[PDB]
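Report on the structure
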Amino acid sequence: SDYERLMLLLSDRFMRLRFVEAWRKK
Amino acid sequence: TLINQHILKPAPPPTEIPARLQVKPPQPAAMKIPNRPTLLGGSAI
């Protein structure tokens, strides 16, 4: 599968829920 | 009426070519909504 390895060039491929569930508690 | 400023002189500042890349498909894709204010000139490969 070197066609897929060519077809995926430059692709480069819950913490913000944690800091808001504390403030929704407050 | 209003009194206006004037352009000085030919002063040359060139830009430079930075290095990173991004993929992320949401509208903000950075710190805020518009993109041409928050996109790096011309990027290197």
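This paragraph deals with the overall build of chain B. Looking only at helices and strands, chain B features 0 helices and 0 strands. Counting only C-alpha atoms, chain B reaches 45 × 30 × 10 Å along its principal axes. By residue count, 4% of the 45 residues in chain B fall in the buried class. On chain B, roughly 4,600 Å² of surface is accessible, and the fraction owed to carbon and sulfur atoms is 65%.

This part takes up a nonpolar patch on the surface. Residues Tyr-3, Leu-6, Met-7, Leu-8, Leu-9 and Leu-10 of chain A together with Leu-21 and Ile-45 of chain B make up a contiguous nonpolar surface patch of roughly 980 Å² in combined accessible area. Relative to the helices and strands, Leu-8 of chain A is located in the loop between α1 (3-6) and α2 (15-25). Classification of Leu-8 of chain A as partly exposed rests on a relative accessible area of 49%.

Let's shift gears to the side chain of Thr-38 of chain B. All names here are of chain B. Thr-38 gets classed as buried once you look at its relative accessible area, which sits at 18%. At 3.4 Å, the side chain of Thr-38 and the backbone oxygen of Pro-34 are in polar contact. Contacts of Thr-38, omitting those with residues within four sequence positions, involve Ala-30, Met-31 and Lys-32.

So, about the pattern of salt bridges. Residues and elements named next belong to chain A. Within the structure shown, the criterion is met by 1 salt bridge over all chains. Salt-bridge contacts for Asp-2 lead to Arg-5; the nearest nitrogen and oxygen are separated by 3.2 Å. With relative accessibility at 52%, the residue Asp-2 sits in the exposed group.

Residues and elements named next belong to chain A. Positive phi outside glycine occurs at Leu-10, with the angle close to 60 degrees. Looking at the element boundaries, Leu-10 is found in the loop between α1 and α2. At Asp-12, a position not held by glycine, the phi torsion is positive, near 55 degrees. Here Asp-12 shows up in the loop between α1 and α2. For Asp-12, a relative accessible area of 65% corresponds to the exposed category.

The rules behind each value
Residues numbered from 1 in each chain as written, not as in the entry; some residues may be left out. Chains lettered and ligands numbered in written order. Part of a larger assembly, values for the part shown. Heavy atoms only, no water. Helix = DSSP H or I, 4+ residues; strand = E, 2+ residues; numbered from the N terminus. Buried < 20%, exposed > 50% of the residue type's maximum accessible area, 1.4 Å probe, protein only. Areas by Shrake-Rupley, 256 points an atom, 1.4 Å probe, with all protein chains shown as cover. Patch = residues over 30% accessible without salt bridge, like charges linked within 9 Å, V, L, I, M, F, W, Y side chains within 5 Å. Salt bridge = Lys/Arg side-chain N within 4 Å of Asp/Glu carboxyl O. Polar contact = N/O pair within 3.5 Å; in protein donor to acceptor, adjacent residues only side chain to side chain. Contact = heavy atoms within 4.5 Å.

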